[PDB]
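# Structural characterization, general
Read off the chains here:
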Amino acid sequence: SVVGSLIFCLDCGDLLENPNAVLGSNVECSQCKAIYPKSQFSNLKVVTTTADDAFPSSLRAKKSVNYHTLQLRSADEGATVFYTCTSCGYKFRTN
Amino acid sequence: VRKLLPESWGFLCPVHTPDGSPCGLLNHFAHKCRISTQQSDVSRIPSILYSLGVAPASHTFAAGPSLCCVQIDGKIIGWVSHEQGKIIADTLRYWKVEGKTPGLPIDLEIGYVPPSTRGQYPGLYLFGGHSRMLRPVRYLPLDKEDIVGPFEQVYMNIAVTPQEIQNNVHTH
Amino acid sequence: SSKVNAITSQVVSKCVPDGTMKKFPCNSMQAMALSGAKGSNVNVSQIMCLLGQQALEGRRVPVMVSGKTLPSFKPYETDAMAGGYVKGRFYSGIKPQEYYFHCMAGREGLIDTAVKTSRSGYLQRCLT
Amino acid sequence: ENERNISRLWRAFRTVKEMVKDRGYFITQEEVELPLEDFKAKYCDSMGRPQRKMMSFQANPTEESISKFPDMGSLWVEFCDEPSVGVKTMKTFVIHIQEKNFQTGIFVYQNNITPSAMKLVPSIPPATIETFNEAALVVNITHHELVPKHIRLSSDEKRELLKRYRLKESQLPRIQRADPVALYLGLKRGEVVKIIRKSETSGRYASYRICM
Amino acid sequence: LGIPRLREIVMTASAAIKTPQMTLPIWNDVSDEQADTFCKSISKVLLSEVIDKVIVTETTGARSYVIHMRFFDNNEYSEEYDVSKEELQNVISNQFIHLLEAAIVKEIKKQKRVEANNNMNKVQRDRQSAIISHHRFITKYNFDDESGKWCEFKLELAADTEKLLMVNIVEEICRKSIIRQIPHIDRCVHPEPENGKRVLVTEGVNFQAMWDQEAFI
Amino acid sequence: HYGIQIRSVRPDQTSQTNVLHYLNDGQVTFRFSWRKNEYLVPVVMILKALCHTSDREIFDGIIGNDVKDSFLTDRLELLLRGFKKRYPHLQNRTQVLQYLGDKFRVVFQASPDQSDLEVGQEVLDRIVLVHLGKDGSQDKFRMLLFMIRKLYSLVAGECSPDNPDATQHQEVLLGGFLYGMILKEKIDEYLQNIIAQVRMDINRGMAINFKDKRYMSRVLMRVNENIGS
DNA sequence: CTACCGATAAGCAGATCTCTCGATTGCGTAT
DNA sequence: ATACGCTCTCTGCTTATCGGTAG
RNA sequence: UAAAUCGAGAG
Ligand SMILES: [Zn+2]
């Protein structure tokens, strides 16, 4: 029920309240109003690295330096080749 | 906004445009560009899409550019990977040009946006509605006539003449 | 653009007036281009040697999202012609891709011509 | 780093002497062409920290200046050792100007002059008082390439100018009383500055700007 | 360049010129090796130009934050911008944290509607205590005083506060935090000499600061 | 400056434009226009009004298998908690729909007999993603989830912004379709005119009988039926 | 503690060559 | 047949309000 | 005899 930094009710799925904004040792759902103990929800740890693009600079850039084969149906079946030779114009397919 | 663009190849005439105030704004169609005027029968397409490998969106549990969203006329139909999305896009083109399957109209525009690094949002889109801009190109397999649109065109390679065809990179 | 312009300059240096079939003063095109009656050296170069690189607002031909400069060019094609380098000349005609790029350049020229006249009257009015 | 402050003060003192000499008072080139070590010996104590009380000096009009401008009087140049100017310093400076009867005294401060102190600058006519920041005098503006030669005209030459072109005082081109060159020369509203302007088409030619 | 420039000069008399520039002559004494480095001693350096990345570790239940800042190698930015560890660390201690805390407090006010070594030496503890005392809600601080390639510090907020982005805030502050800058000047260049004279071209206008450098200009 | 604009068309070839704005505060705003002025609504309201949804259903429909993506998780947490903070009473679909119908009753010229729930459903069916039409509430919900994910992908710098000037993203108003839609608007105006006539009859006259053919033919002659002009 | 001097954030105004044709010009009650 | 009420600006100036001085 | 607005053009 715990993903990221938010906790979802296991009965209905409404977003639960922020634990540190409720009286201790009990979390109550907003709609179905089930019983949720504040235990076992110890760490809402979320890490967030920057965009790796928010800091454009000069030193930043220095760490970055006729026949057709077609797949028709699915990845299992082999590729089918369609030839159309310019010598005569005769076109044909091959598997 | 007045610039001539490579996307208008075959739809807007590069030459026919008044000189002066209306330059770039008032332009004309290419002489073989037929504008769609009636909805194509896109009723059977979701069924054949499911057979190809599309996973129906009703019970999929998927989202994001990491998967290929398969949509029709502005309605999500399924979620299949980018590789299989390209496979089914080419399959749909082949079946639509080879006018055997009844569920695929010849005017079905197949806009496939493959994954790219910070490019356009990927996914498979199918259009069959009114007012679309369509032009006839020659599908090189089967050596037949295909109809393409501006959205569908900017990702596939159409040789301007058969003498300039290259292997494995040109399909029209 | 610099490299393709260097190639263009080499072609023009080699192929005129040495490569011309008719020479000045008999060649009236060169006769009226050298004397200043009408035209320039770049005009006869385009007529007789090549059109050269087509410049869109100082850059080359615009690129689509897919990386194609045109439907007939593979994505990110490392070609001078793909970027807008016309090797053809008005004597022997130009290819459809070169035709499209030249149309882009001519349209940009007309747009600039229209927008330049409107951009200068107010300065003279204020000064006067 | 204190050497940088010493050098800046030396440059400011040199430019102040150049300004006084240009204004028409007698300053010999020995004072202007003062070597840095000579300045340190003459104005820096054992610790090397300069004292700005000894830098204050007095100047008198030259013979030519008295011949041309008979109304000129003694000039008193003051430096403020205090890092700021308050009511106490400004009023004391004004009284020091008055008690010695100086016709003009120019004030050089360090950081800023308190607005309560700024009220006493126009307090005492006719002896005007001028305010100059030390950091604004590190480089003499009139030595710049673009600035021309400005020479304040005497009353007789002003009469001759306004008679030759048949002008009112106002029809002349105007130079702002607060622009740097007018503060440099010490222009009081009404008098004209002749400008020897080097032209691209005519070489030297003379313009005239009245200060208003 | 062109008619718009005329529009700036004649029509508007813009004191706020769109692209101000300043030309500086060069004494024949100085050499191009000194010239290339002098233009780097005046050009502005934002704090963001040296940060490789920023990692925000938010653990709520009082809110906690580990605002780790990963820099480029010291040999890299100590050469590209001539910025040493001491100057960068002082800018972070004095300028960056103040702006960050001000922005956080402002946002809350408007919304009311490889492992680093744990052990520290004697002086670092006192510096941490001083930084905690001078700022509002910092409970930890450390700088890589030996290598200058990271900076980790804590940030405690009231447990009642709701979620903040805490990455856009750091992104905005870092681009506006300044290591070194001469006022109204953002960059100095050393273009090729034209018509013989050697000239430095700067993208800002501050005569008073250029008056100091008699040695070079 | 980010956003997701969509132009949907009903079967009769008339268009409604829906614009999803992204606010630096963290909330996304649905924007439309009814007669000649714009209206704005937090998109969580419309998401819950379209069909019976939990709060984790939206989380799963927006955040896919990428549970470990911090950007998307933080933005969606901000959005959901903002909706909870601003509207703490709205808990089920019908209540949200009733609130929406109460908010949009005067502008839509809703009849006095319309329940707030049904007028809210009508406002939904007339505004948000009309190209799915009625009975497509599930499809409208999926489309909105896709559009929100696309907006978040754009603001994260993982997608190029589509160029409206490029012909790749354009269509043609044929003129005949414009003729049809302007004629439809004129017919709608005609119906409104006859209703306004019988309204001015209610407040002034007395010989009024809705079941009388005579009254119908009498009040029909009082309007301007010359649509062709 | 309170009144004067500024110092920005926000709102508001006007504005960005000549010449030739054709076509239209409103409705909504009340009497 | 007929008369009277009506949704992608550049440059400033000008206003409102926020801090600091010193009175 | 007039005026706007729209539209089309010329240099
Ligand atoms: Zn619940």
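Residues numbered from 1 in each chain as written, not as in the entry; some residues may be left out. Chains lettered and ligands numbered in written order. Part of a larger assembly, values for the part shown. Heavy atoms only, no water.

The record lists cryo-EM as the method behind this PDB entry and 3.2 Å as its resolution.

### Examining the interface of chain F and chain E
The cut-off we apply is this: Every residue pair with non-hydrogen atoms within 4.5 Å of one another is taken to be in contact. By buried area we mean the combined loss of accessible area, with a 1.4 Å probe, across both parts when two parts are placed together. When a carboxyl oxygen of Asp or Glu lies within 4 Å of a side-chain nitrogen of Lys or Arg, that pair is called a salt bridge.
The partner chain E presents five residues to the six residues of chain F that form the contact. Both faces combined, the contact of chain F with chain E buries some 590 Å², and carbon together with sulfur accounts for 55% of it. The largest contributions to the chain F side of the interface with chain E come from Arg75, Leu78 and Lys85 of chain F, which together make up 60% of the buried area. Inspection of the region where chain F meets chain E yields three salt bridges.

### Considering the interface of chain F and chain B
To be explicit about the condition: Elements are defined by DSSP. Helices are runs of H or I of four residues or more, strands are runs of E of two residues or more, and each kind is numbered from the N terminus. When residues are sorted by character, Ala, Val, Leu, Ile, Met, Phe, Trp, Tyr, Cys and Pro go into the nonpolar class, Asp, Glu, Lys and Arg into the charged class, and all the rest, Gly among them, into the polar class.
Contacts between chain F and chain B engage 30 residues on the former and 35 residues on the latter. Together chain F and chain B conceal approximately 2,800 Å² of surface at their shared face, both sides included; 61% is due to carbon and sulfur atoms. On the chain F side of the interface with chain B, the three residues burying the most area are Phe146, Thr167 and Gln168 of chain F, jointly 24% of the side's total. Elements with a minimum of two residues in the side of chain F that touches chain B: α2 (56–62) and α6 (137–155) of chain F. Sorting elements by how many residues they give to the side of chain F that touches chain B places α6 of chain F first, with seven residues. Its residues assigned to classes, the side of chain F that touches chain B comprises nine nonpolar, twelve polar and nine charged.

### Section: helix α7 (residues 155–164) of chain D
Residue and element names in this part refer to chain D. The test is simple: Relative accessibility decides the category of a residue: with a 1.4 Å probe and only protein chains considered, values under 20% of the type maximum give buried, values over 50% give exposed, and everything between is partly exposed. Along the arc lie the directions from the helix axis toward the C-beta atoms.
Among the residues making up α7, those that are buried are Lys158, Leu161 and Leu162. Buried positions in α7, seen along its axis, are confined to an arc of 90 degrees and lie on one side of it. Counted as exposed and oriented over 90 degrees from the buried face of α7: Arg159, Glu160, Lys163 and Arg164. The inward-facing, buried residues of α7 contact β7 (192–199) and β8 (203–211).

### Some remarks on the coordination of the zinc ion
In ideal tetrahedral geometry, four donors around a metal make angles of 109.5 degrees, whereas ideal octahedral geometry with six donors gives angles of 90 or 180 degrees. All names here are of chain A. What counts is decided by this rule: Here a donor is any nitrogen, oxygen or sulfur atom (N, O, S) within 2.8 Å of the metal, with 3.2 Å used for Na, K and Ca; water is not among the atoms considered, so some sites may look incomplete. Site shape is set this way: if four donors have all angles between 85 and 135 degrees, tetrahedral; if opposite donors are over 155 degrees apart and all others between 65 and 115, square planar for four donors and octahedral for six; otherwise irregular.
Coordination of the zinc ion by the protein comes from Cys9 (SG), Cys12 (SG), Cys29 (SG) and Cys32 (SG), over a distance range of 2.3 Å. Classification of the site at the zinc ion as tetrahedral follows from its four donor atoms and the range of 107 to 112 degrees in their angles at the metal. Mapped onto the sequence, the donors of the zinc ion take the spacing C-x2-C-x16-C-x2-C. Here the residue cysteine 9 occupies a position in the loop between β2 (6–7) and β3 (27–28), and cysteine 29 occupies one in the loop between β3 and β4 (35–36), the gap between them amounting to 20 residues. Take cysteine 9: its relative accessible area is 4%, and that puts it in the buried class.

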